[PDB]
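Below: one structure, written as structure tokens.
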Ligand SMILES: O=c1oc2c(O)c(O)cc3c(=O)oc4c(O)c(O)cc1c4c23
Ligand SMILES: N[C@@H](CCC(=O)N[C@@H](CS)C(=O)NCC(=O)O)C(=O)O
Ligand SMILES: N[C@@H](CCC(=O)N[C@@H](CS)C(=O)NCC(=O)O)C(=O)O
Ligand SMILES: [Cl-]
Ligand SMILES: [Cl-]
Ligand code: NA
Ligand code: NA
């Protein structure tokens, strides 16, 4: 079974977990806890990784790091990255537009100045969300009628910004519908209700936003 | 002919420019100068872009944004993204490892405390560069004998960190060699002496590091 290694947090790997659960792929999750930073440091250069980091993905055929390389590899092995340069580029464009939101959060979540930085991020967020709302006015999922890895990336981003402001999706009914649609996929619904789901933290435990042992 | 739209800076699109010149592709670059933000705002939503942003790339088949979608599309049109999931994932892993460096710079380059933040980045930089130095010990380019788009991404990142610290590659002879090897590619050599080459700025003009109209 492939091994997925990461901290016991959502962070960079949550979209990858959602994709694996949608595919019903068996995988072995190797998780590092809040106080296991030393265990990681003693294993980091002992795994055969060319660019040692978390997350990592090991399946015998490959030893990968970089969260986007890993999610794309899993999608690629299941023939989901797109059928021609045009479709593959549309999927990569969706990826990058989601990362603008998700890194917008992570960039400020460890700052002691978070409560002021959050205000600026939430003022810029609507312009980004509007582009996805428009994209979803004619399509069921981000790439049309079938699920692609960016849909799970967007789901993760929406989950995270709703912790920052539970009202930030009120002006975007298509995004509220999209989020409920992902949750209604049978594999996802079972996963999210199960003990396998990691609901918290969103970032590292030391983060000012999305850290700690429990949601506030 | 394809149109590439961006600010008249290196920024997010320099590796794409290098790739297009390496491939000897015909393209038109439409640049926005320091005082042309109004020009961009007047056409941002009139170009048919689904996720309007800079850079944009428009050809007869696609209207793209997101700098990484654009570079991947150009590579994909020339069959350079990788021959199997394993090779495509290694190229994506190299991408992400370069972006760790390049965004490490951009994250701090606009801060008025750049002089203090720089120190931490330059402290982390050697262990990031060491992974590339090791990769080039057994391969000519990052993916082997042939150039891939991550090679031009790495070139761009080395050019930028050398402005931050001229000595930061002194401990990495293979990276010093790699930078000169890219500059020796005849298409790149000619590009660097052409009217199209943008030598400065590295970031937006308003950046504390890599901004202004000329280098320090
Ligand atoms: O601040 C950022 O840090 C990053 C990284 O440190 C990185 O390794 C990759 C990325 C990336 O791919 O996309 C990004 C964005 O679209 C964005 O708006 C901000 C950031 C990043 C980013
Ligand atoms: N660009 C990399 C970033 C990886 C990263 O920053 N990982 C953090 C956790 S979110 C870490 O703890 N890395 C372990 C290390 O550097 O030793 C990716 O997307 O995978
Ligand atoms: N993740 C996006 C970031 C794009 C971005 O931030 N572009 C800046 C310049 S570096 C911009 O000026 N966008 C114009 C706008 O937002 O209207 C990418 O890689 O292309
Ligand atoms: Cl705590
Ligand atoms: Cl100036
Ligand atoms: Na706590
Ligand atoms: Na100046």
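Numbers in chain A come straight from Swiss-Prot, and the residues shown are 2-217, in order.
If you check the header, you will see the structure was determined by X-ray crystallography, 1.5 Å.
Note that Cβ sites are derived from N, Cα and C of the backbone, with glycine treated the same way.
For A:2-83, the entry in Swiss-Prot reads domain 'GST N-terminal'. Helix first, then strand, then coil: DSSP counts for the domain 'GST N-terminal' (A:2-83) stand at 29 helix, 16 strand, 37 coil.
Cβ contacts within 10 Å of residue A:7 (glutathione binding site), excluding its own Cβ and spanning all protein chains shown: 24. Annotated glutathione binding site per Swiss-Prot: A:7, A:8, A:41, A:42, A:43, A:44, A:45, A:54, A:55, A:67, A:68, in sequence order, evidence recorded as experimental evidence.
Among the features that Swiss-Prot reports, domain 'GST C-terminal' is placed at A:85-203.
Mapped onto three states, the DSSP output places residue A:111 (substrate binding site) in coil. Here Swiss-Prot flags A:111 as substrate binding site.
Across the domain 'GST C-terminal' (A:85-203), DSSP classifies residues as 83 helix, 2 strand, 34 coil. Every protein chain shown contributes to the tally, and the Cβ of residue A:68 (glutathione binding site) ends up with 23 other Cβ atoms within 10 Å.
Around the Cβ of residue A:55 (glutathione binding site), the number of neighbouring Cβ atoms within 10 Å comes to 16. Taking the binding-site residues A:43, A:45 in turn, the residue surrounded by the fewest other Cβ atoms inside 10 Å of its Cβ turns out to be A:43. For residue A:41 (glutathione binding site), applying a Cβ distance below 8 Å and a minimum sequence separation of six or more within one chain yields A:33, A:55.
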